[PDB]
């Protein structure tokens, strides 16, 4: 079961949050992270293409985010305004997909 675990779930301003991904499907082709609860190109933060290791900053990239080969997302220098949901879409080799949404708060 594809899940996101926020580490930590509630963070202090200026610190970091890692959105750790568990149970990726077999045969992923790559990943995209989105701000909010829904896949939406305008809210795309960053992605990753496995075959050529291409990293793809999106319109919601804020120069604080790193995506790891295991699909996890690191956000540095978090603020109260980052509080909310984040959505991962995994594209599989056959171009079918899975989506999962997590969240964290900053105080």
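Numbering follows the first chain given and starts at 1.
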With reference to the PDB entry, specify whether the mean Cα temperature factor is higher for 86-94 or for 8-16. 8-16
Highest-ranked of 39, 73, 45, 78 once sorted by CA temperature factor in the record: 78
Residue 56, C-alpha B-factor rank within chain (lowest, middle or highest third): lowest
Third of the chain, ranked by Cα B-factor, where residue 32 sits: lowest
